[PDB]
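Asker: these chains are from a complex, not moved at all, and more is on the way:
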Amino acid sequence: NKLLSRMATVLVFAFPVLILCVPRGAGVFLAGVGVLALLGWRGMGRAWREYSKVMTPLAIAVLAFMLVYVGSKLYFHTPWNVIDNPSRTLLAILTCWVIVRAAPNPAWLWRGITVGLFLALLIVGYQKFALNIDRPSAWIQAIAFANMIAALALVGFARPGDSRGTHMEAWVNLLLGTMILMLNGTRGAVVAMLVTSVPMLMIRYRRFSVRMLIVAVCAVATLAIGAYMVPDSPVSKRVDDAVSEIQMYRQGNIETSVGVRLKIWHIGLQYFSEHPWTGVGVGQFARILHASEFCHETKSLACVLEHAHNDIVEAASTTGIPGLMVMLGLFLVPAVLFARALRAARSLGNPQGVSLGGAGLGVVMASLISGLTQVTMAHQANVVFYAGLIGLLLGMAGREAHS
Amino acid sequence: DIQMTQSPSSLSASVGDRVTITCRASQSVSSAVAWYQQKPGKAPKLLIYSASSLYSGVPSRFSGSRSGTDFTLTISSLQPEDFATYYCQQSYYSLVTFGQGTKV
């Protein structure tokens, strides 16, 4: 009983370091969560029942998503390799179930987060300033690494505590995250993290109400508008570019970064309108482009992209209305569960549970914002990291709220 | 920097027989390998980016693959306009490097 808790708090402490710093750390963490499950031999049947207000919605959402993706492959004969990445979201079920069976200590998650962030900063600094690398990602893809950095920085920003030494240990998390993100480019992750950290400022300060948030976002908007009124400001330099890009797209000159991605979106949405219920199927987005009228009369980069670069548009065009609903569910059901746990924790006091729920909600929001400009299911590392993090956070939050 | 060797340095094959080009790498370049085709006295044109994705206006005959640090381009069949020099590049390191350049 006690060893199950100790070997689980050690695992939650080591999870960020394994995921980021260790090369094959995802497999190591999977083996760790699977060997903890082999010691829950006598339990794990009396763990699901009392935590069925949190475990069952997650299991139902994951099973429905898997069934929809399998049914969008049975009807449209596709190679089985298109569902390997979706097959990795089943690990959220296992992670949450293991966590709820063996109660961890959430106080060791935050120290693990900050240690992982610091060590990843050191690794990226070495991989950029000495072994010159264009985009210094530790051992994985740049996009997946950036998403992991953003998610873990948000998690670390939700430090449970009020002492002066805790706020300066949570702002350091954002500082390390933004340094790591700027080291490997991918400014979109920086923008997403900075945007989604503003709602987190209510979790961060248990004095910061909603009016103080409305005025804060008003001040941010005023600062953003002030930049556009300075003629030489770089913000006006990267905003006028997008404005001119939109204007060029509104006539025939669609051969640009904004224009190319606003043209695959239109082709995807026009096909989704044609076939609402069943699209081409899971994956197979290239069929929409190759059967389109624009590609048959124009030679451009928009006809070579394997998949769309927006999660909602890609899901709607490829796997239809049921697939769109289940894809939105994979990100909305955890949000509802986190809100339900946060409300109970706040009604009970217990600042650790409230901070955990806030961190989960921020992770969900950041994942949605990232999916606004990319497909999360494309990268296996991103999928497995998201599944594991959501499972662990949901399990710990449910354990804190229920008891 | 990072050094690449291409083999063969120059090959000769008739039309219809598939050819494969091997590009090596001194250090570990993950996927930042691109392939170009240069015809005599003209600017090179991109063929494959990220070692497995074709570019616009490139026939489906061209295809690339990765096996660890062994990056290989192959052509399913040679049309009369496929006779040109090919190069392989790394973009993982900040100082990019081109291969020696095979010739068909």
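Answerer: Arrived safely. Numbering: from 1, shown residues only, chains lettered A, B, ... in the order given.
Asker: Quick one: name the residues of chain B near chain A.
Answerer: Residues of chain B found near chain A (C-beta under 8 Å from any C-beta of the partner chain) are B:30, B:32, B:53-57, B:91-95. (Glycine included, C-beta is placed from N, CA and C.)
Asker: Just the buried ones from the residues you listed?
Answerer: For these, a burial check counting by 16 or more other C-beta atoms under 10 Å in any protein chain shown picks out B:30, B:32, B:54-55, B:91-93.
Asker: Next, check those residues against the strands and list the overlap.
Answerer: Judged by DSSP state E, these include residue B:54 as members of strands.
Asker: which among the buried ones among the residues of chain B next to chain A gets closest to residue A:317?
Answerer: Within these, the smallest distance to residue A:317 is 21.2 Å, found for residue B:54 (C-beta to C-beta).
Asker: Mind checking which of the residues of chain B next to chain A are in helices?
Answerer: Among the residues of chain B next to chain A, no residue falls in helices (DSSP state H).
Asker: circling back: now for the buried ones among the residues of chain B next to chain A, which pair is the farthest apart?
Answerer: B:54 and B:93 (24.0 Å).
Asker: does any part of stretch A:272-291 sit near chain B?
Answerer: No: using C-beta under 8 Å from any C-beta, stretch A:272-291 stays clear of chain B, with a minimum separation of 10.7 Å.
Asker: surely residue B:48 meets residue B:73?
Answerer: Yes: contact criterion C-beta atoms under 8 Å: residue B:48 and residue B:73 qualify, at 6.5 Å.
Asker: Pull up the overlap in contacts between those two.
Answerer: B:35, B:62-64 (C-beta atoms under 8 Å, 6 or more residues apart in numbering or on different chains).
Asker: Which of the helices or strands spans residue A:238?
Answerer: If you go by DSSP states H and E, residue A:238 is part of helix A:234-249.
Asker: I meant residue A:188, not that one.
Answerer: Using DSSP H and E, the element containing residue A:188 is helix A:187-197.
Asker: Excluding its own residues, what touches that helix? List them.
Answerer: A:146-147, A:149-150, A:153-154, A:157, A:174, A:177-178, A:181-182, A:362, A:365-366, A:369-370, A:373.
Asker: How far away from the center of its chain is it?
Answerer: Here helix A:187-197 is found 12 Å from its chain centre; the criterion is C-alpha atoms, centre = their mean, to the nearest Å.
Asker: same thing with stretch A:16-32?
Answerer: With C-alpha atoms, centre = their mean, you get 18 Å for stretch A:16-32.
Asker: how about the CA coordinates for that stretch, as PDB?
Answerer: C-alpha atoms of stretch A:16-32 as PDB (Å, rounded to 0.1, in the frame of the first residue of the first chain):
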ATOM      1  CA  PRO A  16       9.200  15.500 -16.900                       C
ATOM      2  CA  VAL A  17      12.900  14.700 -16.800                       C
ATOM      3  CA  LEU A  18      12.300  11.300 -18.500                       C
ATOM      4  CA  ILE A  19      10.000  12.800 -21.100                       C
ATOM      5  CA  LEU A  20      12.300  15.700 -22.000                       C
ATOM      6  CA  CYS A  21      15.900  15.000 -21.100                       C
ATOM      7  CA  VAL A  22      16.100  11.200 -21.500                       C
ATOM      8  CA  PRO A  23      16.300  10.200 -25.200                       C
ATOM      9  CA  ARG A  24      13.900   7.200 -25.000                       C
ATOM     10  CA  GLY A  25      12.200   8.500 -21.800                       C
ATOM     11  CA  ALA A  26       8.700   8.000 -23.100                       C
ATOM     12  CA  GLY A  27       9.300   4.300 -23.200                       C
ATOM     13  CA  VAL A  28      10.900   4.400 -19.800                       C
ATOM     14  CA  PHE A  29       7.900   6.200 -18.300                       C
ATOM     15  CA  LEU A  30       5.500   3.800 -20.000                       C
ATOM     16  CA  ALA A  31       7.400   0.900 -18.500                       C
ATOM     17  CA  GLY A  32       7.300   2.600 -15.100                       C
END
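Asker: then add chain C to what we have above:
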Amino acid sequence: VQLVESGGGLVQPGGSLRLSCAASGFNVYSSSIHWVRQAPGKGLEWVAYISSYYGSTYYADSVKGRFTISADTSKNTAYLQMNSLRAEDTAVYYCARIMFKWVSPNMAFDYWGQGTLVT
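Answerer: Okay, here's chain C dropped in alongside the others:
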């Protein structure tokens, strides 16, 4: 989208010459410009480039300390200032523009220039 460069000619060793790469159909300060040279009857060789927005510059081993790459958003042109020329720098110099960052995470040249000859 078009990249046009001019400025090649006869330069005795120890001289200086500037290559201007005028661009059209896109914005230079948004994307990045890479310079690639090819010696007569030899393979392609990279020399320098600039970053997208920050303007950070990297140079090859042989040309560092003597080559000064720069950009001018007002005229939407990119320059490579060549200094302390030697007989080993004779080549045809091409421009290059990387693909969209979201399409390819790593740099890969998609549009090139017509190329200029410097002796």
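Asker: now that chain C has been added, could you go back to the contacts of helix A:187-197?
Answerer: By C-beta under 8 Å, 6+ apart, helix A:187-197 touches A:146-147, A:149-150, A:153-154, A:157, A:174, A:177-178, A:181-182, A:362, A:365-366, A:369-370, A:373.
Asker: same deal with stretch A:123-139?
Answerer: A:20-23, A:120, A:142, A:144-146, A:180, A:183-186, B:32, B:91-95, C:58, C:105-107.
Asker: what about 7 Å?
Answerer: Identification of contacts with stretch A:123-139 by C-beta atoms under 7 Å, 6 or more residues apart in numbering or on different chains yields A:20-21, A:23, A:120, A:142, A:145, A:180, A:183-185, B:91-95, C:105-107.
Asker: Compute the first-to-last residue distance for that stretch.
Answerer: The first residue of stretch A:123-139 is 10 Å away from its last residue (C-alpha to C-alpha, to the nearest Å).
Asker: Which of the residues in it are classified as buried?
Answerer: A:123-124, A:127-128, A:133-138.
Asker: And stretch B:65-84, by the same measure?
Answerer: Buried, per 16+ other C-beta under 10 Å, within stretch B:65-84: B:66, B:71-73, B:75, B:78, B:82, B:84.
Asker: Give me the contact list for stretch A:148-167.
Answerer: Here stretch A:148-167 has contacts from A:16, A:19-20, A:110, A:113-114, A:116-117, A:169-170, A:173-174, A:176-177, A:180-181, A:189, A:192-193, A:196-197, A:200, A:203-204, A:206, A:351-352, A:355, A:358-359, A:362-363, A:366, A:385, A:389, using C-beta under 7 Å, 6+ apart.
Asker: Buried residues of it, list them for me.
Answerer: Applying 16+ other C-beta under 10 Å to stretch A:148-167 flags A:148-161 as buried.
Asker: Stretch A:270-288 too?
Answerer: A:271-272, A:278-285, A:288.
Asker: Is any residue of that stretch near chain C?
Answerer: No: against chain C, stretch A:270-288 shows no contacts by C-beta under 7 Å from any C-beta of the partner chain, the least distance being 14.2 Å.
Asker: mind saving the C-alpha coords of that stretch as PDB?
Answerer: The C-alpha trace of stretch A:270-288 is given here as PDB (Å, rounded to 0.1, in the frame of the first residue of the first chain):
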ATOM      1  CA  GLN A 270     -16.000  22.800 -49.200                       C
ATOM      2  CA  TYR A 271     -15.500  19.000 -49.300                       C
ATOM      3  CA  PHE A 272     -16.800  18.700 -45.700                       C
ATOM      4  CA  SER A 273     -19.900  20.600 -46.700                       C
ATOM      5  CA  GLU A 274     -20.400  18.200 -49.600                       C
ATOM      6  CA  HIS A 275     -19.900  15.100 -47.400                       C
ATOM      7  CA  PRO A 276     -21.000  16.000 -43.900                       C
ATOM      8  CA  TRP A 277     -21.200  12.600 -42.200                       C
ATOM      9  CA  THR A 278     -18.400  10.700 -43.900                       C
ATOM     10  CA  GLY A 279     -15.400  12.400 -45.500                       C
ATOM     11  CA  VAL A 280     -12.600  10.700 -47.300                       C
ATOM     12  CA  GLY A 281     -11.700   8.900 -44.100                       C
ATOM     13  CA  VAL A 282      -9.100   8.900 -41.400                       C
ATOM     14  CA  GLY A 283      -6.000  10.500 -42.900                       C
ATOM     15  CA  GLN A 284      -6.100  10.500 -46.700                       C
ATOM     16  CA  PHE A 285      -6.300  14.300 -46.800                       C
ATOM     17  CA  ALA A 286      -4.300  14.200 -50.100                       C
ATOM     18  CA  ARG A 287      -7.300  12.700 -51.900                       C
ATOM     19  CA  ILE A 288      -9.300  15.900 -51.300                       C
END
